[PDB]
Amino acid sequence: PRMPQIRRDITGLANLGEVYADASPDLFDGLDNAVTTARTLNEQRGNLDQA
Amino acid sequence: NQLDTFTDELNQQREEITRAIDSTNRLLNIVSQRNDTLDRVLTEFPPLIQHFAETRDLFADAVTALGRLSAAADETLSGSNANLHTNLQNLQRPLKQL
Amino acid sequence: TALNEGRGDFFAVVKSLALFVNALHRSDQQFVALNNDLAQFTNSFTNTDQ
Amino acid sequence: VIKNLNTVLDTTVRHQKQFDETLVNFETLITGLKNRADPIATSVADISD
Amino acid sequence: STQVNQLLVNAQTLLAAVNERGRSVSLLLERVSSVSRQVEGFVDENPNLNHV
Amino acid sequence: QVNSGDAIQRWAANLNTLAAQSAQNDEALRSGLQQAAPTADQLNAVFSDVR
């Protein structure tokens with residue numbers, strides 16, 4: 001009885017995979033540079049709190 | 001009978017299952033080749049997020065205090081932008097003659 | 001046999017994803033609004049190149 | 001799919017403690033910010049102005 | 001999962017609250033850079049302010 | 001998630017851009033924090049003098 005919902009789930013999964021695969025390289029480059037700036041923020045936590 | 005129904009309904013979605021397999025394969029390949037960035041995030045971000053959660057109140061207080069200063073500063077500097085300019089331009093000659 | 005050896009892990013996954021979806025399914029319009037608001041907020045700081 | 005998902009999953013499992021803690025910490029931070037969102041947004045706009 | 005859903009909805013609320021004043025927020029970086037340059041120029045162009 | 005795919009792609013690209021800009025100015029960010037810690041104290045002292 002829940003087979004239309006299964007079909008909806010599978011089609012949505014395919015579409016979401018396509019969208020994520022299209023949006024992933026930018027996300028991961030941003031995550032690399034965000035790792036750099038997050039390391040910078042962690043190294044100066046006391047300065048940030050005093051600020 | 002129910003197995004016949006279930007197998008027919010699954011077979012009607014073989015193209016969508018294939019497309020989902022291909023899409024998941026592409027996404028997982030991209031994430032697998034960015035596993036290095038994934039590891040860097042999972043090592044360096046959780047401490048930052050924990051610290052930010054620890055000092056959320058202080059950040060909110062800083063933003064609100066800067067906003068309290070800036071509201072009055074903005075109203076003063078916008079209510080006097082033109083009158084100050086006019087007064088300076090008028091006083092130029094008396095200042096030179098004095 | 002391979003599925004049966006990992007059957008306990010698979011059904012633990014099923015029960016956990018069940019809790020996940022049961023907690024997150026109602027706020028779908030909220031998620032769409034969150035994505036749009038995030039896009040707009042990030043657009044607020046990338047109007048120019050630098 | 002199996003290979004790459006295994007890679008990503010073992011990477012996540014290696015930091016499972018941090019991956020578990022960051023969800024709660026992010027929820028706490030975001031809830032604390034949401035409880036003062038309107039003063040925060042007003043203050044940001046006033047700073048810009 | 002409850003924490004995940006609560007964080008998502010609260011993030012949506014916070015982002016909406018910030019975005020409602022989106023005209024002035026969108027100019028925040030430009031205006032802070034502009035005021036920084038103006039203050040730098042004002043201080044640099046008046047070496048005799050301290051003497052006065 | 002599928003319906004707002006354009007939005008997630010847009011904020012992924014914007015995250016990439018902002019993170020790249022922040023990482024490329026790492027030393028500027030460090031010096032900014034280092035100077036922002038005492039300069040607000042200086043401004044506060046000057047203002048409280050003429051409070």
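Sequence lines set the chain letters: A, B, ... in the order given, protein chains first and strands last, and positions in each chain run from 1. Hydrogens, waters and symmetry mates play no part in the numbers below; they use all other heavy atoms, side chains included.
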Measure from the side-chain N and O atoms of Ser48(D) to the backbone N and O of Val44(D), and report whether any donor-acceptor pair falls under 3.5 Å. no

Give me the atom names and distance for the closest heavy-atom approach of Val18(E) to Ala41(D). CA-CB, 3.7 Å

Would the distance check show the side chain of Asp22(A) and the main-chain N or O of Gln9(F) forming a donor-acceptor pair, the cut-off being under 3.5 Å? no

Between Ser33(E) and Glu30(E) (side chain of the first, backbone of the second, donor and acceptor by atom type, cut-off under 3.5 Å), is there such a pair? no

Quick one: CG on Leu42(B) to CD on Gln16(D), what's the gap to the nearest 0.5 Å? 11.5 Å

Indicate whether any N or O donor in one side chain lies under 3.5 Å from an N or O acceptor in the other, for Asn47(A) and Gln34(F). yes

Who are the side chain to side chain contact (heavy atoms under 4.5 Å, CB included) partners of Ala33(C), not counting sequence neighbours? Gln12(E)

State the NE2-CG distance between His15(D) and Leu38(B), to the nearest 0.5 angstrom. 9.0 Å

If you define the side chain from C-beta out and look only at heavy atoms, does anything of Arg37(E) sit under 4.5 Å from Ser34(E)? yes

Under a 4.0 Å threshold between the charged nitrogen and the carboxylate oxygen, would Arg39(A) count as salt-bridged to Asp26(F)? no

Run the side-chain hydrogen bond (donor to acceptor under 3.5 Å, both in side chains) test against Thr42(C) and tell me which residues pass, sequence neighbours left out. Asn14(F)

With rounding to the nearest 0.5 angstrom, report the CZ to OG1 distance, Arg40(B) to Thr36(A). 8.0 Å

Counting only heavy atoms not in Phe45(B), do more than 12 sit closer than 6.0 Å to its CZ atom? yes

If I take atom CG from residue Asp49(D) and atom CG from residue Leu77(B), how far apart are they, to the nearest 0.5 angstrom? 11.5 Å

Listing, residues 90-98 of chain B side-chain donor-acceptor contacts under 3.5 Å, not counting sequence neighbours, or none:
| residue | atom | partner | partner atom | Å |
| --- | --- | --- | --- | --- |
| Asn90(B) | ND2 | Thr86(B) | O | 3.2 |
| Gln92(B) | NE2 | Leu88(B) | O | 3.0 |

Within a 6.0 Å radius of atom CZ on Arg14(D), are there more than 12 heavy atoms belonging to other residues, nucleotides or ligands? yes

Under 4.5 Å side-chain linkage, directly or through intermediates, the cluster mates of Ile6(A): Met3(A), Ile10(A), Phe6(B), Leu10(B), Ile17(B), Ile21(B)

Testing the basics here: between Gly30(A) and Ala19(F), what is the closest heavy-atom pair and its distance to 0.1 Å? O-CB, 3.2 Å

Co-membership, hydrophobic cluster, residues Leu13(A) and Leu27(B), 4.5 Å side-chain: no

Determine yes or no for a side-chain-to-main-chain donor-acceptor pair under 3.5 angstrom, with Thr64(B) supplying the side chain and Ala60(B) the backbone. yes

Connected hydrophobic set around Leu3(C), excluding itself, where side chains approach under 4.5 Å: none

Pair up each side-chain donor or acceptor in residues 14-32 of chain C with any protein partner under 3.5 Å, not counting sequence neighbours, and list the distances.
| residue | atom | partner | partner atom | Å |
| --- | --- | --- | --- | --- |
| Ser16(C) | OG | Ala12(C) | O | 2.9 |

Residues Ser44(C) and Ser26(E): side-chain donor-acceptor under 3.5 angstrom: no

Surrounding CZ of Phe59(B) (heavy atoms of other residues, nucleotides or ligands, distance under 6.0 Å), is the total greater than 12? no

Give the C-alpha distance, both sets of side-chain angles, the deciding distance and a yes or no for side-chain hydrogen bond (donor to acceptor under 3.5 Å, both in side chains) between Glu27(D) and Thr31(D). CA-CA 6 Å; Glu27(D) 181 270 337; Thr31(D) 297; 3.3 Å; yes

Closest non-hydrogen contact found for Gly12(A) with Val2(F) is O-CG2, 3.5 Å

May I ask you to check whether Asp49(A) and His51(B) show a side-chain donor-acceptor distance below 3.5 Å? yes

Cluster membership besides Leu28(B), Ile/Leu/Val/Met/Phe/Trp/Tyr side chains within less than 4.5 angstrom, sorted by chain and number, is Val1(D), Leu5(D), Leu9(D)

Is there a donor-acceptor contact under 3.5 Å linking the side chains of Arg56(B) and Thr28(D)? no

Results of ring pair (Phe, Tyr, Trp, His ring centres under 6.0 Å) for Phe28(A) - residues two or more places apart only: none

Taking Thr11(A)'s backbone N and O only, do any of them form a donor-acceptor pair with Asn15(A)'s side chain (distance below 3.5 Å, no angle check)? yes

Indicate yes or no for a side-chain donor-acceptor contact from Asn19(E) to the backbone of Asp37(C) under 3.5 Å, with no hydrogens or angles considered. yes

Can you see whether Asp39(B) engages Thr11(D) through a side-chain donor-acceptor pair at a distance of less than 3.5 angstrom? no

Looking at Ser22(F) and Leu18(F), would you say the former's side chain and the latter's main chain have a donor-acceptor pair under 3.5 Å? no

OG1 of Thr13(E) to CG of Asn35(D): how many Å apart, nearest 0.5 Å? 10.0 Å

Rounded at 0.5 Å granularity, tell me how far OG1 in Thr17(F) sits from CD in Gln50(C). 9.5 Å

Shortest non-hydrogen pair, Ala20(F) vs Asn33(A), comes out as CA-ND2, 3.4 Å

Check: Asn87(B) side chain, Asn83(B) main-chain N or O, donor-acceptor pair, under 3.5 Å: yes

Would you call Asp46(D)-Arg68(B) a salt bridge at under 4.0 Å N-O? no

side-chain hydrogen bond (donor to acceptor under 3.5 Å, both in side chains), that's the test. Do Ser24(A) and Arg34(B) meet it? Break it down for me. CA-CA 9 Å; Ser24(A) 43; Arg34(B) 304 304 198 95; over 6 Å; no

Apart from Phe47(F) itself, what residues make up its hydrophobic cluster when side-chain heavy atoms of I, L, V, M, F, W and Y under 4.5 Å apart count as a link, directly or indirectly? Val50(F)

Give a yes or no on whether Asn3(F) atom CG has more than 12 heavy-atom contacts from other residues, nucleotides or ligands under 6.0 Å away. no

Is the shortest heavy-atom distance from the side chain of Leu48(B) to the side chain of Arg45(A) under 4.5 Å? no

Could you tell me whether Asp38(D) and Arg21(E) have a side-chain N and a carboxylate O separated by less than 4.0 Å? no

Do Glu27(F) and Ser31(F) have side-chain N/O donor and acceptor atoms under 3.5 Å apart? no

Using atom types as modelled, flag every donor-acceptor pair under 3.5 Å from a side chain in residues 17-25 of chain D to any protein atom, sequence neighbours excluded.
| residue | atom | partner | partner atom | Å |
| --- | --- | --- | --- | --- |
| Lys17(D) | NZ | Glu21(D) | OE2 | 2.3 |

More than 12 heavy atoms of other residues, nucleotides or ligands under 6.0 Å from CD of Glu43(A): is that the case? no

Here the pair of heavy atoms bringing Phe45(C) nearest to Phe41(C) is CD1-O, 3.2 Å

Filter on salt bridge (charged side-chain N to carboxylate O under 4.0 Å, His left out), then keep only pairs touching residues 5-21 of chain A, sequence neighbours left out; what's left? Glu18(A)-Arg19(B)

Within 6.0 angstrom of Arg31(E) CZ, more than 12 heavy atoms from elsewhere: yes

Checking the side chain of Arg26(B) only, and the main-chain atoms of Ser23(B) only, is there a donor and an acceptor separated by less than 3.5 Å? no

Go through the steps to decide whether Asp32(A) and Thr37(B) satisfy the test side-chain hydrogen bond (donor to acceptor under 3.5 Å, both in side chains), and finish with yes or no. CA-CA 6 Å; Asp32(A) 266 317; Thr37(B) 304; 2.5 Å; yes

Has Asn10(E) got a side-chain atom pairing as donor or acceptor with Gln6(E)'s backbone, closer than 3.5 angstrom? yes

In residues 41-52 of chain E, what donor-acceptor pairs under 3.5 Å come from side-chain atoms, sequence neighbours left out?
none

